[PDB]
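Asks:
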Amino acid sequence: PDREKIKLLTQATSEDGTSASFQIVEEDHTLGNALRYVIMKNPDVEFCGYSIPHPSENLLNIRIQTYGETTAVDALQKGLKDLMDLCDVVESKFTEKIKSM
Amino acid sequence: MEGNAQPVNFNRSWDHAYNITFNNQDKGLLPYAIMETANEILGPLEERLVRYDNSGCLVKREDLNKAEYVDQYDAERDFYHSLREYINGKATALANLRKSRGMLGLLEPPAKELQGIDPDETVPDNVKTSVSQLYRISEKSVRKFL
Amino acid sequence: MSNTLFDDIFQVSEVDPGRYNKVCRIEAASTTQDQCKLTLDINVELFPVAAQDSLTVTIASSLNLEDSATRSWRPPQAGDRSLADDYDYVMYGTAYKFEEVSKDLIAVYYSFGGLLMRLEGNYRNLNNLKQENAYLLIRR
Amino acid sequence: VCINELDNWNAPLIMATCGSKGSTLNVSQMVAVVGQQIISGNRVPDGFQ
Amino acid sequence: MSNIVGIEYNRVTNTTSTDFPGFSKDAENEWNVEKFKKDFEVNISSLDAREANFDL
Amino acid sequence: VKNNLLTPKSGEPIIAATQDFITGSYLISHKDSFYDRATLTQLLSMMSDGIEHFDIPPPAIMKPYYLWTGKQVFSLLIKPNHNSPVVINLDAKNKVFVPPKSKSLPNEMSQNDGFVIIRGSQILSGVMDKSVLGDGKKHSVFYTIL
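Chains as they are written, first to last, in UniProt numbering: chain A, 42 to 142; chain B, 926 to 1071; chain C, 1 to 67, 74 to 146; chain D, 780 to 828; chain E, 1 to 56; chain F, 537 to 682.
1. Could one say the Cβ of residue 53 (chain A) lies closer than 7 Å to chain F's Cβ atoms, at least one of them?
2. Give me the chain E residues within the contact set of residue 84 (chain C), using Cβ-Cβ distance strictly less than 8 Å, ordered along the chain.
3. DSSP beta-bridge partners for residue 54 (chain E)?
4. At 4 residues or longer, and completely inside the region 590-637 of chain F: list those alpha helix (DSSP H) runs for me, N to C.
5. Out of F:611, F:671, F:606 and F:610, which has the shortest C-alpha to C-alpha gap to residue 800 (chain D)?
6. Using a Cβ-Cβ distance under 7 Å, would residue 81 (chain C) count as near chain E?
7. Give a yes or no on whether the C-beta atoms belonging to residue 567 (chain F) and residue 23 (chain C) are separated by under 7 Å.
8. Determine which residues of the region 46-78 of chain A have a Cβ less than 8 Å from any Cβ of chain E, and write them out in chain order.
9. Any beta carbon of chain F sitting closer than 7 Å to that of residue 951 (chain B)?
10. The region 83-114 of chain A: which residues have C-beta closer than 7 Å to a C-beta of chain F, in chain order?
11. Taking C-alpha atoms, which residue in F:602, F:552 and F:660 lies nearest to residue 25 (chain E)?
12. When the Cα atoms are used, what is the spatial distance from residue 53 (chain C) to residue 21 (chain C)?
13. Can you tell me where the beta strand (DSSP E) holding residue 68 (chain C) begins and where it ends?
14. CB residue 39 (chain C) to CB residue 9 (chain C), shorter than 7 Å?
15. Indicate whether at least one CB of chain F lies closer than 7 Å to the CB of residue 1014 (chain B).
16. So which residues of chain B does residue 626 (chain F) contact, with C-beta pairs closer than 7 Å?
17. Figure out for me which residue from B:955, B:1022, B:1067 and B:993 has the closest Cα to the Cα of residue 1043 (chain B).
18. At what residues does the alpha helix (DSSP H) containing residue 1025 (chain B) begin and finish?
19. Ordered along the chain, which non-local residues of its own chain (more than five positions away) have a Cβ less than 8 Å from that of residue 54 (chain E)?
20. How should residue 604 (chain F) be labelled, buried or exposed, when 16 other C-beta atoms within 10 angstroms of its C-beta is the threshold for buried?
21. Could you give the distance in angstroms between the alpha-carbon of residue 97 (chain A) and the alpha-carbon of residue 1065 (chain B)?
22. Of all the options D:793, D:807 and D:825, which has the alpha carbon lying nearest to the alpha carbon of residue 817 (chain D)?
23. Can you list, in chain order, the residues of the region 568-580 of chain F whose Cβ is nearer than 9 Å to any Cβ on chain E?
24. Under 7 Å between beta-carbons, which chain D residues line up against residue 562 (chain F)? List them in chain order, please.
25. Where do the ends of the beta strand (DSSP E) carrying residue 62 (chain A) lie?
26. Taking the alpha carbon of residue 1013 (chain B) as the point to measure from, which residue in B:928, B:926 and B:935 has its own alpha carbon closest?
27. Have a look at residue 811 (chain D) and residue 781 (chain D) and give me their C-alpha separation to the nearest angstrom.
28. Would you please verify whether the beta carbon of residue 81 (chain A) is less than 7 Å from any beta carbon of chain F?
29. Find the residues of chain F that neighbour residue 45 (chain E), judging by a C-beta separation of less than 7 Å, and give them in chain order.
30. Specify the secondary structure class of residue 1052 (chain B) as computed by DSSP and reduced to three states.
31. Looking at the strands, I want to know which residues DSSP matches up with residue 8 (chain C).
32. By alpha-carbon positions, which one of C:108, C:93 and C:143 ends up nearest to residue 128 (chain C)?
33. Give the range of the beta strand (DSSP E) segment to which residue 679 (chain F) is assigned.
34. Use the C-beta contact count for residue 63 (chain A): other C-beta atoms within 10 angstroms, 16 or more gives buried, fewer gives exposed.
35. Is any heavy atom in the ligand SAM found nearer than 6 Å to the beta carbon of residue 32 (chain E)?
36. For a contact meaning CB atoms closer than 7 Å, what does residue 794 (chain D) contact in chain F?
Right, here's the structure in full:
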């Protein structure tokens, strides 16, 4: 598979998976604003923000920081699995109202 | 250089020294105790300055400031006074406080007598939870100041 | 019960929302003591106040009422009995300045992250040290 | 008169309350009165006759 | 709260989300797809060619 | 430019926030600026590029909901965590500074926020209006960390 994608920063990580900082290639505010909200509804996480470093280049940095219950690398794997279901429940509700009209 | 064309800013440098070593768990000092804690340090700075006369040797300790023997430095020794006769203003405020709050208002260092009269047992504990609660000067709180 | 460092009942005097819209400074007057009173800033978009009204002022510390290596802050859980489960409006801040008003009258300065409080006592408020933490505790 | 009789959240007020850009005289010439023009220490001397 | 942006002559208020656990002591409104499935709704307004209008 | 934050004309910090970096950092430090955690996360995540590790102080308003103020967020850009060695102490006057009752009230209890106090690198009073973080005046924040 590919590896020009999400990539943990070794310089700004904890010794455990409690705190980390990932770097997303080729994704603008369209993803980072959506992915921020689906993570923050996890009761375990305390800090999850994103930013663009410089708008000429094209990369995103997502920050994740939680308590000692779950490792944060496991949290966004739950997090970005979780909005995949949220895309479905909008799609299912919408398409039945189209055919009914 | 810092403000008012002096390289000190005594007011900010006091609080910067105060906050870094602030601890209510420490004991504290007396108004005469800090001056001897001060003169422990800036004392030996003064005797490294020799104050020779106009011809080779030293000048007599009487009648120094006579507008004839001003050597190549005078603001350096004046700066050591300028720090000395500042920090006694912090001493007199503590001496003027504990006087009117019932305790013996002491600023002079007592002679070789019964050492550690320690007026803790004299006044009630309401005074010790008044003087030390408003403001206080720890022993480290001066050795990081100057 | 061992955690309450101060408690009284004050009647407010006037409310001044001077050139703000969401933070206003209130005055106080003790209806039990005849010496102490305070000034305080109150957000009145979630805790409304009116003048000449009596409320509870209480300064405690470590409100867990009894007794995770992250250096952060975390809230207590859903099922947790604690102090000020009966009140309406608690805050957070540090003390920074202790100085006397007059003879046997001292002023106490709390700052709740910009939000200030200046009250004075007559050595009745002996328990209030220059601590890191202190909460205010207010019912209506 | 304007400073005590203008509402908050006013943009020529809120950037003159700071030292960002402007003054209490710059906004006063925009809303109330522009004052008298001086010319090198002279209040517009006469042109002719 | 009451999920209403309070507009006025010079401001608007509380435009943020405030829809997350960890906002008050009682952590309500946790994530649950079935408690969202009961609440989510789509209204379709006047729909035709070239143009659409519908509510979420 | 690391060696030349100070002008040789007077010793004053010459590089500062310009004519709108003040008014950005002014609306944050306004007294009626309150934030939940979800927005306090996003603001603190935009002063860096998601690289610096932070620790969240407990919020100001606590019983109805948890509310941080518009000053603790400004306290974190100075000292991000305990591993940063920076801790400062400073007292300063704003550009406007409407005076208090001037005999019983000290400078902090102004009608506006006015006189600014930081102790242990946390905002305790005041706002930032080009006399606290900007140019011209000696007793600025960026001067002191320098």
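By construction, the Cβ of each residue, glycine as well, lies at the ideal position given by its N, Cα and C atoms.
Replies: Once the coordinates are examined:
1. Yes, its Cβ sits closer than 7 Å to a Cβ of chain F.
2. The answer, in chain order, is 25, 26 and 27.
3. Residue 54 (chain E) is bridged to E:44.
4. Taking 4 residues as the minimum length, the alpha helix (DSSP H) runs contained wholly in the region 590-637 of chain F are 608-614, in order along the chain.
5. Nearest of F:611, F:671, F:606 and F:610 to residue 800 (chain D), Cα basis: F:671.
6. With a threshold of 7 Å between beta carbons, residue 81 (chain C) makes contact with chain E.
7. With contacts defined by Cβ atoms closer than 7 Å, residue 567 (chain F) and residue 23 (chain C) form a contacting pair.
8. Under the 8 Å Cβ criterion, the region 46-78 of chain A contributes 78.
9. Taking CB atoms only, residue 951 (chain B) has no neighbour in chain F less than 7 Å away.
10. Flagged, chain order: 87, 88, 89, 90, 91, 92, 94, 102, 103 and 104.
11. Taking only the C-alpha atoms, the option nearest residue 25 (chain E) is F:602.
12. So the two alpha carbons sit approximately 21 Å from each other.
13. Between 67 and 74, chain C has no modelled residues, and residue 68 (chain C) is one of the positions in that gap.
14. Against a cut-off of 7 Å, the Cβ pair of residue 9 (chain C) and residue 39 (chain C) comes out as no contact.
15. The Cβ of residue 1014 (chain B) sits no closer than 7 Å to any Cβ of chain F.
16. In chain order: 937.
17. Comparing alpha-carbon positions, the option among B:955, B:1022, B:1067 and B:993 lying closest to residue 1043 (chain B) turns out to be B:955.
18. Boundaries of the alpha helix (DSSP H) around residue 1025 (chain B): 1000-1025.
19. Answer for residue 54 (chain E): 42, 43, 44, 45 and 47, listed in chain order.
20. Residue 604 (chain F) is classed as buried because its beta carbon has at least 16 other beta carbons within 10 Å across all chains shown.
21. In this structure, the CA atom of residue 97 (chain A) is about 53 Å from the CA atom of residue 1065 (chain B).
22. When only C-alpha atoms are compared, the closest one is D:825.
23. Against chain E - using a Cβ distance shorter than 9 Å - the residues of the region 568-580 of chain F are 571, 572, 573, 574 and 575.
24. Those are 797, listed as they occur along chain D.
25. Residues 60-66.
26. Among B:928, B:926 and B:935, the Cα nearest to that of residue 1013 (chain B) belongs to B:935.
27. Residue 811 (chain D) and residue 781 (chain D) have their C-alpha atoms some 8 Å from each other.
28. For residue 81 (chain A), the answer is yes, since a Cβ of chain F falls inside 7 Å of its Cβ.
29. Neighbours of residue 45 (chain E) on chain F: none; closest Cβ ~32 Å, over 7 Å.
30. Helix, per DSSP.
31. Note: residue 8 (chain C) sits in a beta bridge opposite C:57.
32. Put simply, of C:108, C:93 and C:143 the residue whose alpha carbon is nearest the alpha carbon of residue 128 (chain C) is C:108.
33. No beta strand (DSSP E) contains residue 679 (chain F), which is instead part of the alpha helix (DSSP H) from 677-681.
34. The residue is buried, with at least 16 neighbouring Cβ atoms inside 10 Å.
35. No copy of the ligand SAM occurs in the structure displayed, which carries no ligand at all.
36. Correct list: 559.
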